[PDB]
Every structure is written in structure tokens, then in C-alpha cells.
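Residue numbers (full-length UniProt numbering), protein chains in the order written: chain U, 1 to 275; chain A, 1 to 117; chain F, 1 to 150; chain C, 507 to 657; chain Y, 911 to 1011; chain D, 1 to 67.
Note that the Cβ used here is the ideal one computed from N, Cα and C, for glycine as well.
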Amino acid sequence: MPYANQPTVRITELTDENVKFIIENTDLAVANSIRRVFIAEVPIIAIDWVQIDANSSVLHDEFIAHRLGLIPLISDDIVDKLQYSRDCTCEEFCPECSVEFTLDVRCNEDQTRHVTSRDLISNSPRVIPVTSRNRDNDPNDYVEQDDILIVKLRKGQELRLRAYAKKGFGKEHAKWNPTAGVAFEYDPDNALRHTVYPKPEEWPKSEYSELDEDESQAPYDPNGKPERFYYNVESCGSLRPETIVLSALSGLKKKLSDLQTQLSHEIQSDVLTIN
Amino acid sequence: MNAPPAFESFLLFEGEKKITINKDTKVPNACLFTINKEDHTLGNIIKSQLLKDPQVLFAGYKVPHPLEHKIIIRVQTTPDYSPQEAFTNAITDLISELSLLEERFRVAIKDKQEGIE
Amino acid sequence: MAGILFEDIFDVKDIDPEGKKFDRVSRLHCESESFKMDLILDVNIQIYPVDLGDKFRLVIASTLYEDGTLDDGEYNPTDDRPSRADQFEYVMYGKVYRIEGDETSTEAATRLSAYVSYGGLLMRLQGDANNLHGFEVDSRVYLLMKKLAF
Amino acid sequence: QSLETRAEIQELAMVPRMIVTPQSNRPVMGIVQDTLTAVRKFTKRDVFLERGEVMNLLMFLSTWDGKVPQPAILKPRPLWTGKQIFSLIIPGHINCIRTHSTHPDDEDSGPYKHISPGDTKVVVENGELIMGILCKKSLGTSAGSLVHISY
Amino acid sequence: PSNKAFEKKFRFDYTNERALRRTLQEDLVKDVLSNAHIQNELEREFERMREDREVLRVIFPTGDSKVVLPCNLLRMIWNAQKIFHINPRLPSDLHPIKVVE
Amino acid sequence: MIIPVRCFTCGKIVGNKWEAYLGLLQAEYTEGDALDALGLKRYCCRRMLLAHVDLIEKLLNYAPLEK
Ligand SMILES: [Zn+2]
Ligand SMILES: [Zn+2]
């Protein structure tokens, strides 16, 4: 339609972790809905079934199962071709809808052993390993760098289990969050008066509020509308930041186009003559 | 264990339609859409695209209850244009802005940034 | 153009009486150029920054389209009829709820005060030759402020 | 466990009938906590709403007429005052002056000083809120609250 | 309070002070100013009001005017005025005897 | 009982930063600087680690890791 504006993007900054950008000339409802997709709708792989062969550790089993689900997983190369479990024709699991992990450790040593993310092995090809320690040459590598201490073991304890990771999205459980956090900010100088400051001098100025550099603090304009939203998406590490954004928009496109097909389905099946 | 299974928050049931349209009994050229298993994320944005249109007299949505996944969208248009076509255009236009946003973001990434992969 | 019930250019005596105030509303105290009328009116100071010392032109009418009823509103953006002065800078819609004047003795009916309510924003007007246009029933009054003169 | 006791309950002990208690002919139940604070804050006549939010509030209301009211401010841009949207909520056309006794003003001698509307005192007429701010004395378990008159 | 004040506010005068010969407020009632019977019956009404006022002073010696009673007659009159669109400045259209009976 | 994978409030993974922290405190008495080097900017992620108590260490010491 003629009244759709071309918004606009600018990437301010990009790292292996963060992606920080500005969206301009668009609606807040768009900005807010797109921020919500970054959390909930972007799909990923995380452990979903844990089968415990032997567990002599001082942590109870369901605790091991909890810590273990929550650990992060690379998915970028494979999260797309993977299908959803319920949709897949197979009974239980298969190579085509899930990937398998195996963990086997025993404390035969006199010193306390730690159980870590590297000790967890993918029966699936090393296309989808755990986040930490693989292709590395990583300056983020410090001391142990176990990514997670699944448990500690004293001389005599042992741990054997199987796990099946599956594709799903954050609306269903928090283990599937593809974000470390999501900053969102709009109209930093409070031109539009969406908040009303009592004694405005008592508030600090963000890094986006530098415009008048002065201390005049918030010049008013009532003819304005919300424009130019600032973002800073931050990667949990399990999916690189730009891929989070591109997959979010596509998923949102997929969800919208589908609602259009059902709305079409109303005009095709049960001919739209009710109203 | 009186808690519902978490998938039910978003998975469609085989005995329910994705969308339903009912006519208003009060005023003409009003319509009521029921969207099942879809929260504020879809609803808030479709409300805004309808408000953006200049021929929409009224547009709004309500999620009747937190515990029940369902939203309703009521729309009222001028005595000339039908509310269904406005809804069709509202998504299609929204599809167009988001596609252009995805295009513009991707090309923006295509800037000589060296950590794109 | 709407049929005119009342029309005059007023000058502002004060913008903050007693001082209790609020914010985003201000209570005007005014005096008419015909000096036979007085006026008190609440206004949205946030979007229409008025100031003391300048004469403002105000008009009040019960209609917009030609010279007939229309209070059925929902206001309808789609109307394109140039019947509206629309050239005015500040417009408010409301009803008149109360009117007052000496009404006891011989003749009585001496001058007149009218009380109006624009959605919670109040107005008080005093007069005499405006008795044909005042009520304590009937909604549909529009308050137009324009030009702010020179 | 039968239609007979279900009939008896529906007619005698059903909650909506239990509003005004025969102990002291007043409301047993009124608008309480946050909503009560939120009503005061909403009815102050410095509160203005733009087309988008008014429609959403209209949307949450049940027995809405279907017609959208004309905003108390036409220009530069349409705005509805808070009193105006509260006034759709009042059923039919009940009436009551006062029924505020809010801290406001100057008890005993302020209303006698010009009736400079002072906005404090609440007046409702023909089912529309004309002026004032709503509080526990208007909305609460009061003898003359809006709620009592509505019943 | 004040017997004189009660008399002033309640009594329907017939001597008609030169303030619009009954043609103020009331309408055609200017035509029933010449009626003897209507004068005696209202004079009878006022006679009951002095006797009621006397009994009511015995019932409530303390002098409180707050009593529990049904209907709330005054709010009803307001509901009545508001709906029929009654303008209190316009002249009346009501016969006093219709009211008393 | 051992530091949780991912901070409650937001999600930033945090168990990985525990072993690193005991090393920094041994090196320096700068809890401010220690938390900073680990990258725990915002304080929700910071309370997580700053307020943890590693009970596991006392718990492991029982011999009978056999029942
Ligand atoms: Zn499968
Ligand atoms: Zn955190």
C-alpha cells in the first residue's frame, strides 16, 4: 500500500556476541513485535530427552537432567534442515528429526573430577557440537573453559546417560532462548513525553541521549510520533547474532503468510458470505 | 498434575479453525475476527496496520484471558469498503514491509563487515 | 459555514488564578472586548501555548454542516464538506449543563451567566444578549478559538 | 445436586443480588485497590487519550453502544478526555451530585466562594460524568456511591 | 428553622406580588386565581403542614433531619426533570389541584 | 549446589565463569575487577555469581559417594 514507509536499517556495531543496530521510519508495534520474536519465535536445538544409565553422583537425577538441558548448542548449520518432532513420520526419534548425545565419566582418580561440556559427545557428526572448545582459536578461552560444570565427582562416583536434542522455540521453554538479552530503546531525549519526569535534572543521559550534549534536558514536540528504535541483540552463543535476526524476520514472515492462507482458506472453504 | 502441557500454548488443535469470522449484530460494516492460538505478537501488529489505513473507522483487539490462547480482532470500515479486504491488505502490506526490512538488513550486513560468518 | 450562536474577541487578564493548577491544563481568566461579558475557560496549555497580554478571538456554534443537527457523531474523518471553519486553531466539543441569572423579582432576568462542560474541562461565560443561546439542556456546543489576533 | 436447589440458589443467594446489604442499606462490595487508585488517576481532567488508545479501551468494554463518541478536543488532533471515556461505562442514566467528600478544596466555605467549579466535587447527569474525580467515596461501599445508585 | 422562614418558602401566596401576575412560572393558572374553592383547599393543605410540622417536632426532639425512608423522592424528581427535558426557566404547564389530589 | 547454567533474570550463561572467579580472587582482592574481567556487566548476571554459595564442596567430602 502507498502508506507503507520504507523504514530503514543501520548497523552500528557487530561482534562475535553482540549485534547493535538502529531501525528507523517504522512503527513501535513493529519494533515491539519484532523484539518479541527474537525471544520466543526463533527456533534452536537443546537437549530434550535424557535417559540415565547409571548415576552415582551426589546430585539427584532430575537435577542432572535440568542442568543438562539448559546447556547451549550450536545450531546454525543444521537448525534449518531439521524438522519438528511431532511433524516427523517416525515413531519416537530418528536421525532426521533429532541428534544424539552420549556422556560417560567415572572418578577413578584420587582428585575430584569435573564433568563438562567437552566430555559430552555427539553421536551425530561434529557439525553440531556443544558451544565451547571445537574449532577454537578463541581469545574467550580462559582456564578450565568447561562452559558448564555439569557436576563434580569424588573417587568412586560414575555417570552414564543418553540425550536427544530437538528443535523448538522459546515460547515453549526457556532452554530454547536464542538470546543472552535484548536491549530496546526509543526516543532517548524524551521529546514525545511517553514518560513524565518529576524533576528531570535527577535523571542521567544514555549514550543515545547525546544530541544537544547540553543540559537543557528534553525539548518538547507534540506533532511528533515514535521513530528510530535502538536495538542491541546479544547472542547466547548457540546461534550467531545476525542469524538470530534473519531467522526471526523469516519466521515472522512464515507465521504471517500462513495466517493469510487460513484467511484465504475461509474464502475458499465455507465461502466468505457470513459477513 | 493439573498443569497443561506446554506445547498446547501454540500447537493448533485438530478440532479448531485457525480463524473465524462473525458479523456484528449492532452496526453495519463491522466484523469480528477470532484468531486462535496466537497472542499479542500477531495481534498487536495487525491492530497497528489496520490503524495505519485511512479508510478504517475502528480497529482493535483483545485477548479475552491470559490462560486461554485466543484473541479477537474487531474492525469497522466505511460504508463502501469491505473489512475482509482491509484485513487481507493489512497482512500483505505487512508482509511487504517485513520483506523489505529483511532485504535492507541483509544488504546492510553485506557492508564490508568481516564477521558476517 | 456553521450558524453562529456567539462571537467575540477576548483579552486575557490572567492565566493562573489562585495558583493551585495542575499541568497540561490551565485555567484562563478573560475579559471581552465588548466589555459587557466575562469568561473563565480551561484549555490544553500543552498543545496550545497561550500567553498573557494578547487578545484572542473566540466563537461558539452548535453545528458544523450547513446549519443543522449532526450530534450523531463518531466524528467521521471521511466528511469533506467545507462547512467547517476548520481555520480555527483550537476546537472543543461539549454540552451546556447550567445557566444562572437573577430570577426572582420584577423583571429580574438581569444579565446572565452560563456554565458549560467540555468533556470535564469547564467553562464559565457571563453575558446578557446571549440569553437566546444558553440552556441547561441540549448538548452539541463547539468551542472554537482562533487566530489569537495581533 | 438438583435443578430445584440450583433454582433456589440462582434466585436467592446468587452474588449479583448480594450487592446491597440489609445490614446497613449500602453496597457490600465496591471498586477496590489498584483499580480504585487507577480510577482517580484516570478521571483527572489533565488526562488525554489519542485515537489508538481510546479504541483499545472501547474494545475491552462489554456493553459498548457501538457508536464511537466525538472527542472533546477536535483540533489540532483528536483527543478524548478521561471523563469522557469513563462516561461510556456509566449504565443507562443514573444521577448523583457530591458523593465525593474528598480532601479537596475548603470544606464548609469553599463551594460558597464563587463555585469556581474547582473541579473537585463530582456531578453526573443523564449517565454522563460532567465533572470531578472519582474515589472511594464515589465508588466505594458508601451510602451514595455510583455503585449503590446503579443497583 | 424559623416559623417565618417556613411560611415564606412553603406558602402558596394569592395576593400576587407584582412579579408577573401568576403568568410567571405557572401558565394557565393565572385563570384559576379567581377560584374560592382552590384557595380554601390549599389553605387546608397548609393547615395540615403546620400540624404535621408540629407532630414531627415531637417525634424528633433532638432536631435531626436524617431518617431512613424508601424511594428518595428528591432523586426521582431529578430523574423526572432530566428525561422529559424540563427547562426550569421556561414557564410551567401544571395545575396545582392535580398535584394536591 | 553448584552455579546454574544461565542467569535466571535474562539468560546469559554463567556456570562457566565460576572456576575463573576463584582464581581471580586468589590473585587480587578486587571483587569489582574480578566480576568485570569475566564480563558480567549487568547486575542480575552479577548477583548470580556474587551471591552464590558453593555447597557442593562440603557435600562431596562424605566418603560414601557409594550410597
Ligand atoms: Zn523423526
Ligand atoms: Zn542476567
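Self-check item: Beta-bridge pairing of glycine 60 of chain A - partner residues as DSSP gives them
Solution: A:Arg74
Exercise. Pair every Cβ in the segment 88–97 of chain F with every Cβ in the segment 141–149 of chain F, then say whether three or more of these pairs are closer than 8 Å.
Key: yes
Self-check item: beta-carbon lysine 12 of chain D near ligand 2 non-hydrogen atom, thresh 7 Å
Solution: yes
Quiz item: Under 8 Å Cβ-Cβ, which residues of chain C neighbour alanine 59 of chain A?
Solution: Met561
Quiz item: Just to confirm, are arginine 985 of chain Y and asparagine 601 of chain C a CB contact at a threshold of 8 Å?
Solution: yes
Quiz item: Going by alpha carbons, who is nearest to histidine 620 of chain C out of F:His133, F:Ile40 and F:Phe35?
Solution: F:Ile40
Quiz item: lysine 152 of chain U: buried (16+ other C-beta within 10 angstroms of its C-beta) or exposed?
Solution: buried
Quiz prompt | For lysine 1008 of chain Y, the nearest candidate out of Y:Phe994, Y:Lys976 and Y:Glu951 (CA to CA) | solution = Y:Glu951
Exercise. Entirely within the segment 40–85 of chain U and at least 3 residues each: give me those beta strand (DSSP E) ranges in chain order.
Key: 43–55
Quiz item: So which of D:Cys10, D:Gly15, D:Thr9 and D:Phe8 has the shortest CA-CA distance to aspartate 54 of chain D?
Solution: D:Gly15
Quiz item: Using a threshold of 7 Å, is the CB atom of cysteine 641 of chain C nearer than that to any non-hydrogen atom of ligand 2?
Solution: no
Quiz item: Per DSSP, what kind of secondary structure is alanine 20 of chain D in: helix, strand or coil?
Solution: helix
Self-check item: By C-beta, the residues closer than 5 Å to any heavy atom of ligand 1, given in chain order
Solution: U:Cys88, U:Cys90, U:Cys94 and U:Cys97
Exercise. Inspect the beta-carbon positions of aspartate 76 of chain U and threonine 116 of chain U and report whether they are closer than 8 Å.
Key: no
Exercise. Say yes only if the C-beta of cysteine 236 of chain U is nearer than 7 Å to one or more non-hydrogen atoms of ligand 2, and no if none qualify.
Key: no
Quiz item: So, is the C-beta of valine 53 of chain D closer than 8 Å to a C-beta in chain U?
Solution: no
Practice problem: With DSSP as the reference, label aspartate 540 of chain C as helix, strand or coil. | Solution: helix
Exercise. Go to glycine 251 of chain U, then tell me how far its beta strand (DSSP E) extends in each direction, as first and last residue.
Key: No beta strand (DSSP E) holds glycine 251 of chain U; the alpha helix (DSSP H) holding it covers 241–268.
Exercise. Name the one or two DSSP bridge partners that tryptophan 586 of chain C has.
Key: C:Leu555
Quiz item: Just checking my contact of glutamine 576 of chain C with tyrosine 75 of chain F at CB under 8 Å: how many whole Å lie between their CB atoms?
Solution: 5 Å
Practice problem: List the residues that DSSP assigns as beta-bridge partners of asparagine 36 of chain A. | Solution: A:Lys70
Quiz item: Relative to the alpha-carbon of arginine 6 of chain D, which residue among U:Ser269, U:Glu207, U:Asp80 and U:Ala174 has its alpha-carbon at the smallest distance?
Solution: U:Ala174
Quiz item: Alpha carbon to alpha carbon, what distance is there between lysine 199 of chain U and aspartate 189 of chain U?
Solution: 15 Å
Quiz item: Given residue 151 of chain F, which residues of its chain have a CB within under 6 Å of its CB, disregarding the five upstream and five downstream residues?
Solution: Because chain F in this structure spans residues 1 to 150, residue 151 of chain F falls outside the shown range and cannot be described.
Practice problem: With DSSP as the reference, please indicate the residues paired to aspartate 962 of chain Y in a beta bridge. | Solution: According to DSSP, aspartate 962 of chain Y bridges with nothing at all.
Quiz item: Grouping DSSP H, G and I as helix and E and B as strand, with all else coil, what is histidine 599 of chain C?
Solution: coil
Quiz item: Rounded C-beta distance between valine 116 of chain F and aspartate 552 of chain C? I'm assuming under 8 Å.
Solution: About 19 Å separates the two Cβ atoms, so there is no contact after all.
Exercise. Answer yes or no: do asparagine 18 of chain U and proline 222 of chain U have a C-beta to C-beta separation smaller than 8 Å?
Key: no
Quiz item: Tell me, which residues are paired with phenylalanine 229 of chain U by DSSP?
Solution: U:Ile23 and U:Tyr186
Practice problem: Would you list, in chain order, the members of the segment 66–85 of chain U that have their beta-carbon closer than 7 Å to a beta-carbon of chain A? | Solution: none
Practice problem: Would you check if the distance between the CB atom of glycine 558 of chain C and the CB atom of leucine 94 of chain A is smaller than 8 Å? | Solution: no
Practice problem: Verify the CB distance criterion: does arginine 104 of chain A have a CB-CB separation below 8 Å to chain U? | Solution: yes
Quiz item: Using the beta-carbon of each residue, which ones in chain A are nearer than 9 Å to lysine 253 of chain U?
Solution: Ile95, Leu98, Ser99 and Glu102
Quiz item: Under the rule that 16 or more other beta-carbon atoms within 10 Å means buried, what is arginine 67 of chain U, buried or exposed?
Solution: buried
Practice problem: Verify the contact flag: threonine 9 of chain D, CB atom, against every heavy atom of ligand 2, threshold strictly below 7 Å. | Solution: yes
Quiz item: Hey, is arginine 42 of chain D close to ligand 2, as in C-beta under 7 Å from one of its heavy atoms?
Solution: yes
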